[PDB]
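Counting from 1, the numbers follow the sequence of the chain as shown. When reading the values below, keep in mind they use all heavy atoms of this one structure, side chains included, and skip hydrogens, waters and symmetry mates.
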Amino acid sequence: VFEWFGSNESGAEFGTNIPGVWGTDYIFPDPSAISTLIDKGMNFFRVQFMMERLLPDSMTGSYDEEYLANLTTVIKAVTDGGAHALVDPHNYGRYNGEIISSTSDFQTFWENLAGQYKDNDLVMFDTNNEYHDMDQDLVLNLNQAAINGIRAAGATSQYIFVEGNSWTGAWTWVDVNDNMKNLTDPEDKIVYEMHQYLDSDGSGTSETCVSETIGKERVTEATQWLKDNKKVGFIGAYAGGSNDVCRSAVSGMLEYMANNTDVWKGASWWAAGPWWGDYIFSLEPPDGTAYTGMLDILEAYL
Ligand SMILES: OC[C@H]1O[C@@H](O[C@H]2[C@H](O)[C@@H](O)[C@H](O[C@H]3[C@H](O)[C@@H](O)[C@H](O[C@H]4[C@H](O)[C@@H](O)[C@H](O)O[C@@H]4CO)O[C@@H]3CO)O[C@@H]2CO)[C@H](O)[C@@H](O)[C@@H]1O
Ligand SMILES: *[C@@H]1O[C@H](CO)[C@@H](O)[C@H](O)[C@H]1NC(C)=O
């Protein structure tokens, strides 16, 4: 049904201590859990990392090469298995607590990072996770700078996932992100990535979904925005509690998207990863709540 369909793999961005230490503060996704999701039919994994850990001096400085290697190990595990890996600096438009306002340093950051993966045609690049509370022109230029840096590295074959303001929410998209339609790419492989949760405030922090139909309701206008501006999109992060109302909401959002695959290239569940424990949305096999409680709904699209 969709071009791409799978899961986020979180953990490398975990914890409050920055840089912090592996095994205590954060961890990398587990290739064998990723293999199990691939065996279920998922062809897409969006792998979270923290910029401050990849780059402990400055945005344009030296890598922590052990952290980079680890990120690369997960990417090779995804791509070796034939799936696309979407590389997600999980940073909210910010670096070291401050809004990234230097388009130039951002462009440089993305040219270096894309340089690491330019030859892996199964890799995809997400410009940044959930920009918010920042100037809308800056968000536009930040995304263009990423595109420009990526292609300047010679990463010319890979799709580039761009995110908007208001936490790239689908439900607020037309209200704030209209200028994002002006992004250009010499290769023409821009995907508009939006997120959508189904609890009352859209924060994705409660199991309760507002209603059976709230998912469809929250992506309708964005769907129409994509059509009217002749772009394609993707739901990079979405979830609902393992309960009957949420199951219908999730089910119904995916069904509506499946009726509009001219614009929706697919979706990724928030989230899998080895340290979610009893997280309400965990899709980590063998016993994540979403893994046992929701996966059947997602398999209709696999
Ligand atoms: O650090 C070691 C310690 O970690 C505990 O695991 C914690 C993590 O420390 C913490 O980083 C992690 O934070 C999650 C948070 O719970 C989610 O609500 C949030 O999900 C957001 C997401 O970040 C947005 O971008 C997305 O789109 O919206 C979602 C939905 O709100 O994601 C962050 C991860 O980025 O939470 C873990 C708690 O479960 C371990 O439990 C502990 O044992 C370890 O010692
Ligand atoms: C990289 O992974 C290894 C485990 O394979 C670990 O010992 C190391 O601490 C990891 N991350 C970093 C930043 O070193």
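Within 6.0 Å of atom CG in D296, more than 12 heavy atoms from other residues, nucleotides or ligands are found, so the atom counts as buried in its surroundings. Within 6.0 Å of CD on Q116 lie more than 12 heavy atoms contributed by other residues, nucleotides or ligands. No more than 12 heavy atoms of other residues, nucleotides or ligands sit less than 6.0 Å from atom OH of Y159.
Applying the disulfide bond (SG atoms under 2.5 Å apart) definition to pairs two or more places apart or across chains, those involving residues 193-288 are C209-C246. Applying the disulfide bond (SG atoms under 2.5 Å apart) test to pairs two or more places apart or on separate chains, none has a residue in residues 265-302.
Remark: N177 CG to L140 CG distance equals 10.0 Å, nearest 0.5 Å. Note that OG1 of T184 and NZ of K181 are 14.5 Å apart. Values are rounded to the nearest 0.5 Å. Considering NE2 of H84 and CG of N120, their distance stands at 9.0 Å, rounded to 0.5 Å. Once rounded to the nearest 0.5 Å, the distance linking CH2 of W225 with CG of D228 reads 10.0 Å. Taking CH2 of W276 as the start and CD of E9 as the end, the distance is 11.0 Å to the nearest 0.5 Å.
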Residue pair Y131, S166: steps toward the side chain to side chain donor-acceptor pair (under 3.5 Å) verdict: CA-CA 7 Å; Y131 300 92; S166 289; over 6 Å; no

From CA spacing to verdict: side chain to side chain contact (heavy atoms under 4.5 Å, CB included), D262, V232: CA-CA 7 Å; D262 55 330; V232 301; over 6 Å; no

Candidate pair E163 and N143, rule side chain to side chain donor-acceptor pair (under 3.5 Å), full reasoning: CA-CA 7 Å; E163 315 196 9; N143 278 265; over 6 Å; no

From CA spacing to verdict: side chain to side chain contact (heavy atoms under 4.5 Å, CB included), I147, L183: CA-CA 9 Å; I147 289 160; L183 294 158; 4.2 Å; yes

Side chain to side chain contact (heavy atoms under 4.5 Å, CB included) assessment of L113 paired with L54: CA-CA 10 Å; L113 179 58; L54 180 57; 4.1 Å; yes

Side chain to side chain contact (heavy atoms under 4.5 Å, CB included) evaluation trace for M59 with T108: CA-CA 8 Å; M59 207 185 268; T108 293; over 6 Å; no

Residues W269, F5; criterion ring pair (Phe, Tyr, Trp, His ring centres under 6.0 Å); working and verdict: CA-CA 9 Å; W269 182 273; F5 202 78; 9.5 Å; no

Side chain to side chain donor-acceptor pair (under 3.5 Å) between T208 and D199, worked out: CA-CA 6 Å; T208 296; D199 50 355; over 6 Å; no

Ring pair (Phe, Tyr, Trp, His ring centres under 6.0 Å) assessment of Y197 paired with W270: CA-CA 9 Å; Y197 299 101; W270 184 267; 7.5 Å; no

Chi angles and distances behind the side chain to side chain donor-acceptor pair (under 3.5 Å) call for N260, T223: CA-CA 8 Å; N260 288 277; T223 304; 5.7 Å; no

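No hydrogens or angles considered: nothing links the side chains of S104 and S102 as a donor-acceptor pair under 3.5 Å. No side-chain donor from either of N129 and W167 sits under 3.5 Å from a side-chain acceptor of the other. Side chains of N141 and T103: no donor on one and acceptor on the other come within 3.5 Å.
Taking a cutoff of 4.0 Å between a charged side-chain nitrogen and a carboxylate oxygen, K76 and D80 qualify as a salt bridge. Salt bridge present: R46 and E193 bring a charged side-chain N and a carboxylate O closer than 4.0 Å. Between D185 and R151 there is a salt bridge, since a side-chain N of the basic residue sits under 4.0 Å from a carboxylate O of the acidic one.
Scanning both residues, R94 and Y92, for their nearest heavy atoms gives NH1-O, 2.7 Å.
No side-chain donor-acceptor contact under 3.5 Å links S268 to the backbone of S7. When atom types are taken as modelled, the side chain of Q48 and the backbone of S10 share a donor-acceptor pair closer than 3.5 angstrom. Without hydrogens or angle criteria, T261 side chain to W264 main chain gives no donor-acceptor distance under 3.5 Å. Listed for the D30 side chain is a donor-acceptor partner under 3.5 Å among the backbone atoms of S32. Between the side chain of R218 and the backbone N or O of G169, no donor-acceptor pair lies under 3.5 Å.
A cation-pi geometry, defined here as NZ or CZ lying under 6.0 Å from the six-membered ring centre and within 45° of its normal, does not hold between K231 and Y192.
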May I have the list of side-chain donor-acceptor pairs in residues 283-291 shorter than 3.5 Å, sequence neighbours left out?
residue	atom	partner	partner atom	Å
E284	OE1	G273	N	2.8

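One hydrophobic cluster, built from ILVMFWY side chains closer than 4.5 Å, holds both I75 and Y26.
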